[PDB]
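**Student:** Data file model19.tsv (TSV, C-alpha atoms) is appended below.
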chain	number	residue	atom	x	y	z
A	113	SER	CA	121.99	-7.81	126.93
A	114	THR	CA	118.35	-6.68	127.09
A	115	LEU	CA	118.80	-3.52	124.99
A	116	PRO	CA	115.66	-3.01	122.87
A	117	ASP	CA	115.67	-2.51	119.12
A	118	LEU	CA	116.19	1.07	117.99
A	119	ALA	CA	112.60	1.01	116.72
A	120	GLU	CA	111.43	0.03	120.22
A	121	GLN	CA	113.34	2.77	122.09
A	122	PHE	CA	111.51	5.72	120.53
A	123	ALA	CA	109.21	6.68	117.68
A	124	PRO	CA	108.45	9.90	115.75
A	125	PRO	CA	108.14	12.72	116.51
A	126	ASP	CA	111.09	12.02	118.84
A	127	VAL	CA	114.38	12.30	116.97
A	128	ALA	CA	116.64	9.78	118.73
A	129	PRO	CA	116.57	7.17	121.52
A	130	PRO	CA	116.31	8.96	124.89
A	131	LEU	CA	119.19	6.95	126.37
A	132	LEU	CA	121.43	7.77	123.42
A	133	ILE	CA	120.53	11.44	123.86
A	134	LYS	CA	121.55	11.35	127.53
A	135	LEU	CA	124.87	9.68	126.67
A	136	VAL	CA	125.69	12.08	123.84
A	137	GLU	CA	124.83	15.19	125.83
A	138	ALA	CA	126.81	14.06	128.88
A	139	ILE	CA	129.81	13.06	126.76
A	140	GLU	CA	129.76	16.36	124.85
A	141	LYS	CA	129.52	18.35	128.08
A	142	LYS	CA	132.42	16.57	129.80
A	143	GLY	CA	134.73	15.42	127.03
A	144	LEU	CA	134.49	17.67	123.99
A	145	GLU	CA	138.17	18.57	124.39
A	146	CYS	CA	139.54	15.30	125.81
A	147	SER	CA	142.53	14.29	123.69
A	148	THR	CA	141.72	10.61	124.21
A	149	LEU	CA	137.90	10.50	124.11
A	150	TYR	CA	136.63	7.23	122.61
A	151	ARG	CA	140.17	5.90	122.21
A	152	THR	CA	140.87	4.85	125.80
A	153	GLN	CA	139.73	1.61	127.41
A	154	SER	CA	138.12	2.37	130.75
A	155	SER	CA	138.33	-0.08	133.64
A	156	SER	CA	134.71	-1.25	133.41
A	157	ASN	CA	133.68	-4.56	131.84
A	158	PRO	CA	130.64	-5.08	129.57
A	159	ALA	CA	128.45	-6.22	132.48
A	160	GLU	CA	129.14	-3.01	134.42
A	161	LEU	CA	128.59	-0.82	131.37
A	162	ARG	CA	125.28	-2.57	130.71
A	163	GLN	CA	124.25	-1.85	134.31
A	164	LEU	CA	124.71	1.84	133.45
A	165	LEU	CA	122.61	1.38	130.32
A	166	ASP	CA	119.79	-0.10	132.47
A	167	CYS	CA	119.38	2.89	134.79
A	172	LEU	CA	120.86	8.63	137.34
A	173	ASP	CA	122.37	11.80	135.89
A	174	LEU	CA	125.00	10.50	133.48
A	175	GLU	CA	127.14	13.59	134.13
A	176	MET	CA	128.03	11.96	137.46
A	177	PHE	CA	130.04	9.25	135.69
A	178	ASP	CA	133.65	9.32	134.56
A	179	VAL	CA	133.72	10.56	130.97
A	180	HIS	CA	135.79	7.57	129.84
A	181	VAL	CA	133.14	5.26	131.30
A	182	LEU	CA	130.44	7.17	129.42
A	183	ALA	CA	132.49	6.78	126.23
A	184	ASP	CA	132.72	3.02	126.75
A	185	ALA	CA	128.98	2.79	127.49
A	186	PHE	CA	128.32	4.64	124.23
A	187	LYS	CA	130.31	1.96	122.40
A	188	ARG	CA	128.63	-0.78	124.44
A	189	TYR	CA	125.26	0.64	123.40
A	190	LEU	CA	126.04	0.46	119.67
A	191	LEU	CA	127.37	-3.08	120.16
A	192	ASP	CA	124.36	-4.34	122.12
A	193	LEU	CA	121.65	-3.01	119.81
A	194	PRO	CA	119.79	-6.12	118.54
A	195	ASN	CA	120.32	-4.80	115.01
A	196	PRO	CA	123.08	-2.32	114.15
A	197	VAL	CA	122.41	1.32	113.36
A	198	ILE	CA	123.03	0.45	109.71
A	199	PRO	CA	121.04	-2.77	109.12
A	200	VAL	CA	122.77	-5.89	107.81
A	201	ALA	CA	120.78	-5.83	104.57
A	202	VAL	CA	122.12	-2.34	103.83
A	203	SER	CA	125.73	-3.16	104.68
A	204	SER	CA	125.51	-6.39	102.68
A	205	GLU	CA	124.38	-4.54	99.58
A	206	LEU	CA	127.04	-1.84	99.90
A	207	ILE	CA	129.74	-4.46	100.43
A	208	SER	CA	128.73	-6.62	97.47
A	209	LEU	CA	128.98	-3.56	95.21
A	210	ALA	CA	132.48	-2.92	96.54
A	211	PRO	CA	134.72	-4.05	93.65
A	212	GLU	CA	132.28	-2.98	90.92
A	213	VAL	CA	131.42	0.48	92.32
A	214	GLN	CA	133.96	3.00	93.59
A	215	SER	CA	132.22	6.43	93.48
A	216	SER	CA	131.87	7.68	97.05
A	217	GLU	CA	128.95	9.95	96.16
A	218	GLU	CA	127.17	6.95	94.63
A	219	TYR	CA	127.70	4.88	97.78
A	220	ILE	CA	126.43	7.80	99.89
A	221	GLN	CA	123.31	8.26	97.74
A	222	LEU	CA	122.70	4.49	97.88
A	223	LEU	CA	123.20	4.25	101.66
A	224	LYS	CA	120.66	7.04	102.12
A	225	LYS	CA	118.23	5.34	99.72
A	226	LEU	CA	118.68	1.91	101.29
A	227	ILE	CA	118.37	2.99	104.91
A	228	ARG	CA	115.25	5.11	104.24
A	229	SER	CA	113.55	2.06	102.69
A	230	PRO	CA	109.92	1.38	103.73
A	231	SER	CA	110.93	-2.02	105.11
A	232	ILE	CA	113.31	-0.34	107.60
A	233	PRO	CA	111.81	1.65	110.50
A	234	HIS	CA	112.47	5.40	110.25
A	235	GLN	CA	114.24	5.20	113.64
A	236	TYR	CA	117.38	3.77	112.01
A	237	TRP	CA	117.86	6.78	109.73
A	238	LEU	CA	116.96	9.13	112.57
A	239	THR	CA	119.53	7.53	114.89
A	240	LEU	CA	122.19	7.57	112.19
A	241	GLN	CA	121.49	11.27	111.67
A	242	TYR	CA	121.79	11.92	115.41
A	243	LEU	CA	125.10	10.06	115.57
A	244	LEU	CA	126.50	11.93	112.56
A	245	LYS	CA	125.53	15.20	114.23
A	246	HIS	CA	127.43	14.13	117.36
A	247	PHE	CA	130.46	12.97	115.40
A	248	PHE	CA	130.51	16.22	113.42
A	249	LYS	CA	130.41	18.39	116.54
A	250	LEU	CA	133.40	16.46	117.90
A	251	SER	CA	135.35	17.03	114.68
A	252	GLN	CA	134.94	20.80	115.12
A	253	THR	CA	137.25	20.65	118.16
A	254	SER	CA	139.57	18.13	116.47
A	255	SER	CA	142.58	20.36	117.21
A	256	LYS	CA	142.05	19.44	120.88
A	257	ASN	CA	140.40	15.99	120.96
A	258	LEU	CA	142.25	14.77	117.85
A	259	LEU	CA	138.98	13.31	116.51
A	260	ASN	CA	138.64	14.26	112.85
A	261	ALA	CA	136.10	12.72	110.48
A	262	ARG	CA	138.66	10.13	109.35
A	263	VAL	CA	139.51	8.98	112.88
A	264	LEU	CA	135.86	9.03	113.92
A	265	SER	CA	135.06	6.94	110.84
A	266	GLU	CA	137.71	4.35	111.68
A	267	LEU	CA	136.53	4.12	115.29
A	268	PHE	CA	132.80	3.90	114.73
A	269	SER	CA	132.15	2.50	111.25
A	270	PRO	CA	132.74	-1.04	112.62
A	271	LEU	CA	130.16	-0.33	115.32
A	272	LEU	CA	127.60	1.25	112.98
A	273	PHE	CA	127.91	-1.43	110.25
A	274	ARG	CA	128.88	-4.20	112.71
A	275	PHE	CA	131.93	-5.65	110.97
A	276	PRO	CA	135.38	-6.33	112.46
A	280	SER	CA	138.22	-6.56	105.66
A	281	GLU	CA	139.35	-4.80	102.48
A	282	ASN	CA	135.74	-4.44	101.27
A	283	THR	CA	135.09	-2.42	104.43
A	284	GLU	CA	137.42	0.39	103.30
A	285	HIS	CA	134.65	1.77	101.08
A	286	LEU	CA	132.26	1.90	104.03
A	287	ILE	CA	134.72	3.77	106.24
A	288	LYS	CA	135.20	6.50	103.71
A	289	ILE	CA	131.43	6.92	103.31
A	290	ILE	CA	131.11	7.67	107.04
A	291	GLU	CA	134.12	10.00	106.92
A	292	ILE	CA	132.44	12.05	104.20
A	293	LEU	CA	129.05	12.02	105.89
A	294	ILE	CA	130.64	13.23	109.12
A	295	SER	CA	132.37	16.07	107.25
A	296	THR	CA	128.95	17.14	105.84
A	297	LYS	CA	127.10	15.79	102.79
A	298	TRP	CA	123.78	14.35	101.59
B	113	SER	CA	98.12	4.09	101.63
B	114	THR	CA	100.01	6.72	103.65
B	115	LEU	CA	99.64	4.95	107.00
B	116	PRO	CA	103.04	4.59	108.71
B	117	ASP	CA	104.39	1.25	109.86
B	118	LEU	CA	103.19	0.13	113.28
B	119	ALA	CA	106.78	0.38	114.53
B	120	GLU	CA	106.83	4.07	113.58
B	121	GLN	CA	103.42	5.03	115.03
B	122	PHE	CA	104.37	4.50	118.68
B	123	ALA	CA	106.98	2.91	120.92
B	124	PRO	CA	107.06	1.54	124.49
B	125	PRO	CA	106.04	2.51	127.09
B	126	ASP	CA	102.99	3.38	124.98
B	127	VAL	CA	100.83	0.29	124.51
B	128	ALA	CA	99.23	0.86	121.08
B	129	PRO	CA	99.18	3.37	118.23
B	130	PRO	CA	97.43	6.56	119.43
B	131	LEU	CA	95.12	6.58	116.41
B	132	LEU	CA	94.09	2.97	117.07
B	133	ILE	CA	93.40	3.86	120.70
B	134	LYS	CA	91.14	6.71	119.60
B	135	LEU	CA	89.22	4.44	117.23
B	136	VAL	CA	88.80	1.60	119.73
B	137	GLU	CA	87.76	3.86	122.60
B	138	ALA	CA	85.22	5.73	120.47
B	139	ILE	CA	83.78	2.49	119.06
B	140	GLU	CA	83.51	0.98	122.53
B	141	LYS	CA	81.82	4.11	123.88
B	142	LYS	CA	79.26	4.31	121.07
B	143	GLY	CA	78.83	0.74	119.84
B	144	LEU	CA	79.66	-1.78	122.55
B	145	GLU	CA	76.10	-3.12	122.42
B	146	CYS	CA	75.43	-2.61	118.72
B	147	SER	CA	74.16	-5.90	117.27
B	148	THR	CA	75.51	-5.16	113.79
B	149	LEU	CA	78.87	-3.59	114.76
B	150	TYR	CA	81.47	-4.73	112.21
B	151	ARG	CA	78.84	-6.74	110.26
B	152	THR	CA	77.32	-3.97	108.11
B	153	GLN	CA	79.00	-1.49	105.76
B	154	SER	CA	78.70	2.27	106.07
B	155	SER	CA	78.15	4.55	103.07
B	156	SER	CA	81.72	5.91	103.09
B	157	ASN	CA	84.29	4.75	100.56
B	158	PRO	CA	87.94	3.95	101.30
B	159	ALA	CA	89.09	7.45	100.30
B	160	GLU	CA	86.68	9.05	102.79
B	161	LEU	CA	87.62	6.62	105.58
B	162	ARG	CA	91.32	7.34	104.97
B	163	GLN	CA	90.52	11.06	105.17
B	164	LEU	CA	89.21	10.39	108.66
B	165	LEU	CA	92.44	8.60	109.62
B	166	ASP	CA	94.22	11.98	109.62
B	167	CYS	CA	92.13	14.73	111.32
B	172	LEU	CA	88.90	16.14	115.91
B	173	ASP	CA	87.23	13.90	118.50
B	174	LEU	CA	86.36	10.63	116.77
B	175	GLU	CA	83.25	10.33	118.96
B	176	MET	CA	81.69	12.88	116.58
B	177	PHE	CA	81.47	10.32	113.78
B	178	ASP	CA	78.78	7.76	113.02
B	179	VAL	CA	79.70	4.54	114.81
B	180	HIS	CA	79.34	2.55	111.58
B	181	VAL	CA	81.83	4.92	109.95
B	182	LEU	CA	84.23	4.41	112.85
B	183	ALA	CA	83.83	0.63	112.51
B	184	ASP	CA	84.68	0.83	108.80
B	185	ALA	CA	87.62	3.14	109.52
B	186	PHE	CA	88.85	0.55	112.04
B	187	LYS	CA	88.87	-2.05	109.27
B	188	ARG	CA	90.41	0.44	106.84
B	189	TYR	CA	93.23	1.05	109.33
B	190	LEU	CA	94.09	-2.65	109.61
B	191	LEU	CA	94.06	-2.94	105.82
B	192	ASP	CA	96.23	0.13	105.15
B	193	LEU	CA	99.03	-0.76	107.58
B	194	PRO	CA	102.13	-1.30	105.37
B	195	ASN	CA	102.62	-4.67	107.09
B	196	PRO	CA	99.70	-6.46	108.79
B	197	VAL	CA	99.42	-6.72	112.55
B	198	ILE	CA	100.58	-10.34	112.17
B	199	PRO	CA	103.59	-10.05	109.81
B	200	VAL	CA	103.75	-12.32	106.79
B	201	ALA	CA	106.90	-13.95	108.16
B	202	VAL	CA	104.85	-15.24	111.08
B	203	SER	CA	101.86	-16.25	108.95
B	204	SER	CA	104.04	-18.11	106.43
B	205	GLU	CA	105.56	-20.26	109.18
B	206	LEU	CA	102.25	-20.95	110.93
B	207	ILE	CA	100.51	-21.96	107.70
B	208	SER	CA	103.41	-24.30	106.81
B	209	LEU	CA	102.97	-26.40	109.96
B	210	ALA	CA	102.41	-30.12	109.47
B	211	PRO	CA	99.18	-31.92	110.45
B	212	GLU	CA	101.02	-33.79	113.24
B	213	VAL	CA	100.97	-30.45	115.09
B	214	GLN	CA	97.27	-30.70	115.98
B	215	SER	CA	97.55	-28.66	119.19
B	216	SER	CA	96.07	-25.17	119.39
B	217	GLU	CA	98.44	-24.63	122.31
B	218	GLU	CA	101.40	-25.34	120.00
B	219	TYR	CA	100.18	-22.89	117.34
B	220	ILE	CA	99.76	-20.23	120.03
B	221	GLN	CA	103.20	-20.95	121.46
B	222	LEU	CA	104.72	-20.57	117.99
B	223	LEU	CA	102.78	-17.39	117.20
B	224	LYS	CA	104.13	-15.74	120.36
B	225	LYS	CA	107.70	-16.91	119.75
B	226	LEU	CA	107.69	-15.88	116.09
B	227	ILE	CA	105.99	-12.51	116.61
B	228	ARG	CA	108.23	-11.71	119.60
B	229	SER	CA	111.33	-12.33	117.48
B	230	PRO	CA	114.01	-9.61	117.49
B	231	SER	CA	113.50	-9.25	113.72
B	232	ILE	CA	109.93	-8.04	114.43
B	233	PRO	CA	109.49	-4.84	116.49
B	234	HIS	CA	107.63	-5.30	119.78
B	235	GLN	CA	104.95	-2.90	118.46
B	236	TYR	CA	103.35	-5.65	116.34
B	237	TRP	CA	102.75	-7.96	119.32
B	238	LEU	CA	101.65	-4.98	121.44
B	239	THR	CA	99.10	-3.92	118.83
B	240	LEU	CA	97.73	-7.47	118.55
B	241	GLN	CA	97.32	-7.60	122.33
B	242	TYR	CA	95.44	-4.29	122.33
B	243	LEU	CA	93.13	-5.57	119.58
B	244	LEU	CA	92.53	-8.84	121.44
B	245	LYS	CA	91.59	-6.85	124.55
B	246	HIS	CA	89.06	-4.92	122.45
B	247	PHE	CA	87.67	-8.09	120.88
B	248	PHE	CA	87.42	-9.70	124.32
B	249	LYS	CA	85.57	-6.66	125.68
B	250	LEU	CA	83.08	-7.00	122.82
B	251	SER	CA	82.51	-10.72	123.41
B	252	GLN	CA	81.58	-9.97	127.05
B	253	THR	CA	78.50	-8.04	125.85
B	254	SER	CA	77.60	-10.80	123.39
B	255	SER	CA	74.09	-11.08	124.84
B	256	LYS	CA	73.44	-7.69	123.19
B	257	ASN	CA	75.92	-7.28	120.32
B	258	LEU	CA	75.73	-10.98	119.30
B	259	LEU	CA	79.54	-11.16	118.98
B	260	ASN	CA	81.30	-14.29	120.22
B	261	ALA	CA	85.06	-14.88	120.12
B	262	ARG	CA	84.85	-17.23	117.13
B	263	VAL	CA	82.88	-14.84	114.93
B	264	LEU	CA	85.25	-12.00	115.83
B	265	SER	CA	88.09	-14.29	114.76
B	266	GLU	CA	86.35	-15.10	111.47
B	267	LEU	CA	85.63	-11.42	110.83
B	268	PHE	CA	89.07	-10.04	111.70
B	269	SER	CA	91.63	-12.81	111.13
B	270	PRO	CA	91.73	-11.93	107.40
B	271	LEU	CA	92.51	-8.34	108.42
B	272	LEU	CA	95.11	-9.31	111.04
B	273	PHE	CA	96.92	-11.89	108.89
B	274	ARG	CA	96.24	-10.38	105.44
B	275	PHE	CA	97.00	-13.75	103.86
B	276	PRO	CA	95.55	-15.07	100.58
B	277	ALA	CA	95.54	-18.82	101.26
B	278	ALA	CA	93.09	-21.55	100.33
B	279	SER	CA	90.96	-22.74	103.23
B	280	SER	CA	92.72	-25.71	104.82
B	281	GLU	CA	93.23	-27.29	108.22
B	282	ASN	CA	96.04	-24.74	108.62
B	283	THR	CA	93.76	-21.75	107.99
B	284	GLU	CA	91.22	-23.24	110.41
B	285	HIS	CA	94.00	-23.42	113.01
B	286	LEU	CA	94.92	-19.73	112.68
B	287	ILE	CA	91.27	-18.71	113.02
B	288	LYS	CA	91.03	-21.05	116.02
B	289	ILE	CA	94.03	-19.58	117.85
B	290	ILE	CA	92.76	-16.04	117.36
B	291	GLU	CA	89.43	-17.29	118.74
B	292	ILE	CA	91.21	-18.78	121.74
B	293	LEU	CA	93.34	-15.69	122.36
B	294	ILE	CA	90.25	-13.46	122.28
B	295	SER	CA	88.42	-15.56	124.88
B	296	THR	CA	91.58	-15.93	127.00
B	297	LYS	CA	92.19	-12.21	127.67
Can I see the file as structure tokens?

**Tutor:**
Amino acid sequence: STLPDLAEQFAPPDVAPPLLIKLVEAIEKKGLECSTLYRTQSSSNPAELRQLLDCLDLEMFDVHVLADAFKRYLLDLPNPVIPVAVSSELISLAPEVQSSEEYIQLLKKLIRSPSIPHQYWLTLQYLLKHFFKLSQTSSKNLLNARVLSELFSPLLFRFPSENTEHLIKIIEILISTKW
Amino acid sequence: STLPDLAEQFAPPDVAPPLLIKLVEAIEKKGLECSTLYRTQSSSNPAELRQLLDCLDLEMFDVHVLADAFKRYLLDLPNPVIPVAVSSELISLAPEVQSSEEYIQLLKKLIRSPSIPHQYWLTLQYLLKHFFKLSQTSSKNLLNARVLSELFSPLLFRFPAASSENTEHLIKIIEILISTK
């Protein structure tokens, strides 16, 4: 797993990692209406998926393989899209705080911190955009904000339990549109 | 004060921040043989030098202003070229580690850590290349590797520490890495 840090894959004024852009655009072109996108295990193992993530047109690949490589990408990032410091703070507030809008405002504040490269917020924004576009064809792909949140929150925060429930809902709301 | 983090100013495959490249290339074009480069102050204050670090061709400026803007840039980076995490560990090393080669090995390992974006090490390498290029015209600019280390180590590490055998070691490694490029 040689995948560089998000901050090493691109920098402003670019808006997202170029590899993540290729994956998202190919997946959206080929699987926007696939009733099982992101919920089916393809036949490829991590080593094969990583070969795809190390270099040519991703549209040539099976859409279920692209979906698995997307997940592999989020898993292999040296640091998760939502850094551990941010997740740790949100989780330790879990019993004391229960306002979703407060969690959302705090997540935004924490992830835009000066100590955290801007690329993390930018990538999160790009992923939320992708997840939201999928939810607009939910009647066909069955991926609504809630399902998308349950699938990807563990990859974005990098957790496998009851504390997590607050994090999942945050993503669900942010997918559906919010601050 | 508004200078973005090194990790936000560029990313691979670029090798250094574009602004730093402009400064270095202009300084090398106009001052490679200047015998007081980096050793005299220009008349501009920090606010004016920061003004320059936004926006034109930098070759248009007085070379002594460019040299001061170069220093201003290193000082205004939100985190120094050599992050404090690295400096703290290096300064903490015991006297039994008397080997410059060991300090260098640890600097590379610590600064290449996944917790530190590759841009910091890349920027340091670009600066060392510049410092090495200067030391090769020492017969005219009077700049050797050691003096360049003594001048710029406080800007690269940005570390208030009392002079010790640890501080001497960090200056020494920078000296070695300049002459080794």

**Student:** Using all atoms listed in the file, which residue out of A:267, A:118, A:123, A:210 lies closest to chain B?

**Tutor:**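 Between A:267, A:118, A:123, A:210, the residue approaching chain B most closely is A:123.
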
**Student:** Taking only C-alpha atoms into account, name the residue in B:216, B:229, B:296, B:255 that is nearest to residue 284 in chain B.

**Tutor:**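 Under the stated criterion, the closest residue is B:216.
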
**Student:** Select, as JSON, numbers by chain, those residues of chain B with any atom no more than 12 Å from chain A (distances computed using all atoms listed in the file).

**Tutor:** {"B": [114, 115, 116, 117, 118, 119, 120, 121, 122, 123, 124, 125, 126, 127, 129, 130, 193, 194, 195, 199, 228, 229, 230, 231, 232, 233, 234, 235, 236, 237, 238]}

**Student:** Taking into account all atoms listed in the file, which residue in the set A:203, A:298, A:142, A:135 is nearest to residue 217 in chain A?

**Tutor:**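 For residue 217 in chain A, the nearest of the candidates is A:298.
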
**Student:** For the atom pair CA of residue 290 in chain A and CA of residue 273 in chain A, what is the interatomic distance in Å to one decimal place?

**Tutor:**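 Computed distance, CA of residue 290 in chain A to CA of residue 273 in chain A, equals 10.2 Å.
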
**Student:** Ranking B:146, B:201, B:210, B:161 by minimum distance to residue 179 in chain B and counting only C-alpha atoms, which one comes first?

**Tutor:**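 Residue with the minimum atom-to-atom distance to residue 179 in chain B: B:146.
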
**Student:** If you measure from CA of residue 184 in chain A to CA of residue 272 in chain A, what distance in Å do you get, rounded to one decimal?

**Tutor:** 14.8 Å

**Student:** In Å, rounded to a single decimal, give me how far CA of residue 274 in chain B is from CA of residue 159 in chain B.

**Tutor:**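 Computing the Euclidean distance for CA of residue 159 in chain B and CA of residue 274 in chain B yields 19.9 Å.
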
**Student:** Write out as a ChimeraX atom specification which residues come within 8 Å of residue 295 in chain B when counting all atoms listed in the file, dropping same-chain ones fewer than 4 positions away.

**Tutor:** /B:248,251,261,291

**Student:** Could you give me, as CSV, a per-residue list for range 164-251 of chain A showing, wherever an atom lies at most 12 Å from an atom of range 146-159 of chain A, the closest pair of atoms and their distance in Å to one decimal, using all atoms listed in the file and sorting by chain then residue number from low to high?

**Tutor:**
residue,atom,partner,partner_atom,distance
A:164,CA,A:159,CA,8.9
A:165,CA,A:159,CA,9.8
A:166,CA,A:159,CA,10.6
A:177,CA,A:154,CA,11.7
A:178,CA,A:154,CA,9.1
A:179,CA,A:149,CA,8.0
A:180,CA,A:154,CA,5.8
A:181,CA,A:154,CA,5.8
A:182,CA,A:154,CA,9.2
A:183,CA,A:150,CA,5.5
A:184,CA,A:154,CA,6.8
A:185,CA,A:158,CA,8.3
A:186,CA,A:150,CA,8.9
A:187,CA,A:150,CA,8.2
A:188,CA,A:158,CA,7.0
A:189,CA,A:158,CA,10.0
A:191,CA,A:158,CA,10.2
A:192,CA,A:158,CA,9.8
A:247,CA,A:150,CA,11.1
A:250,CA,A:149,CA,9.7
A:251,CA,A:149,CA,11.8

**Student:** May I have the selected residues written with C-alpha atoms, as a PDB file, in the coordinates of the input?

**Tutor:**
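Saved to selection-v4.pdb:
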ATOM      1  CA  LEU A 164     124.710   1.840 133.450  1.00  0.00           C
ATOM      2  CA  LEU A 165     122.610   1.380 130.320  1.00  0.00           C
ATOM      3  CA  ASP A 166     119.790  -0.100 132.470  1.00  0.00           C
ATOM      4  CA  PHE A 177     130.040   9.250 135.690  1.00  0.00           C
ATOM      5  CA  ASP A 178     133.650   9.320 134.560  1.00  0.00           C
ATOM      6  CA  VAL A 179     133.720  10.560 130.970  1.00  0.00           C
ATOM      7  CA  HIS A 180     135.790   7.570 129.840  1.00  0.00           C
ATOM      8  CA  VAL A 181     133.140   5.260 131.300  1.00  0.00           C
ATOM      9  CA  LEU A 182     130.440   7.170 129.420  1.00  0.00           C
ATOM     10  CA  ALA A 183     132.490   6.780 126.230  1.00  0.00           C
ATOM     11  CA  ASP A 184     132.720   3.020 126.750  1.00  0.00           C
ATOM     12  CA  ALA A 185     128.980   2.790 127.490  1.00  0.00           C
ATOM     13  CA  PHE A 186     128.320   4.640 124.230  1.00  0.00           C
ATOM     14  CA  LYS A 187     130.310   1.960 122.400  1.00  0.00           C
ATOM     15  CA  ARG A 188     128.630  -0.780 124.440  1.00  0.00           C
ATOM     16  CA  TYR A 189     125.260   0.640 123.400  1.00  0.00           C
ATOM     17  CA  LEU A 191     127.370  -3.080 120.160  1.00  0.00           C
ATOM     18  CA  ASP A 192     124.360  -4.340 122.120  1.00  0.00           C
ATOM     19  CA  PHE A 247     130.460  12.970 115.400  1.00  0.00           C
ATOM     20  CA  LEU A 250     133.400  16.460 117.900  1.00  0.00           C
ATOM     21  CA  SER A 251     135.350  17.030 114.680  1.00  0.00           C
TER      22      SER A 251
END

**Student:** I want to know what sits within 12 Å of residue 293 in chain A, based on only C-alpha atoms, with residues of the same chain fewer than 6 positions away left out; could you give that as a PyMOL selection string?

**Tutor:** chain A and resi 216-217+219-221+223-224+240-248+251+261-262+264-265+269+286-287

**Student:** Just checking: using only C-alpha atoms, which residue out of B:140, B:222, B:272, B:153 ends up closest to residue 208 in chain B?

**Tutor:** B:222
